[PDB]
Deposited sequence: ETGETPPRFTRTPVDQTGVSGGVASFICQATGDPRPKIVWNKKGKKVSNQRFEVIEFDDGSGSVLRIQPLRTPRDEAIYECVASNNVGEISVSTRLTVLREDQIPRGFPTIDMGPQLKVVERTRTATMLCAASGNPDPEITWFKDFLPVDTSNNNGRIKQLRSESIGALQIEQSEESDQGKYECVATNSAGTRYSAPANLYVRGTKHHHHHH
């Protein structure tokens, strides 16, 4: 038996009012750590705050949608625990008004669109995004981050970000969101469905 240890700690988010923010927290340990999200020390307990567990039990994502300001702006804590010990770490959510959104805050110029791929063929989800600094584009599938490092690869060029899913299969079906992030903040695309025919 071993105490909880973090494998992925949440990273500060600046979102826009009405938009989305996600925080990721994973840990290992034996027995399997329970992950609880707190807001300034109390368990999160509001309808717009949703905890989605990774299928493998490694942890969870706290997803907040729609973001409200000033209400949601706070320090949040991820607490990992089992019968041998407990650890926590915190992260910060900032939520900007339209009135407060910087010039270079990421824009989704073109979000992903509905796709149907034949099984074993490459599916490509597309996202055009811009901002200053040039934002990083990442992908969420069914509210969880798509990690890619390789059947599933992410390609990137000027404002275009692509998620290429080689040898597509049934489990790749789902709801994909493009996420654009830079030092000014994080913007989500509307989700697009992928089907595997």
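- Note: segments 1-3, 153-155, 204-212 of the deposited sequence have no C-alpha coordinates in the structure.
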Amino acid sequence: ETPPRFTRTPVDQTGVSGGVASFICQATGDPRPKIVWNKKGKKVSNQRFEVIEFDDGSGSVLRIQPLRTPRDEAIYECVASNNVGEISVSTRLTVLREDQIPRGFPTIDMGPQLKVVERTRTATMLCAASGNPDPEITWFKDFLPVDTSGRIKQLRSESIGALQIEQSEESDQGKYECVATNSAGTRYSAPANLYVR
From here on, numbers count along this sequence of modelled residues.
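- Stretch comparison (62-70 versus 166-174) by mean CA B-factor in the PDB entry places 166-174 on top.
- Checked against the record, the higher mean CA B factor of 102-110 and 116-124 lies with 116-124.
- The PDB entry gives the largest Cα B-factor of the residues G161, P145, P135, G57 to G57.
- Split the chain's modelled residues into thirds by C-alpha temperature factor. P4 is in the middle one.
- Among the modelled residues of its chain, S130 has a C-alpha B-factor that falls in the middle third, as given in the PDB entry.
- Sort the chain's modelled residues by C-alpha temperature factor and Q47 lands in the highest third, per the entry.
- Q26: CA B factor in the lowest third of modelled residues in this chain (values from the PDB entry).
- Sort the modelled residues of the chain by CA B factor and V196 lands in the highest third.
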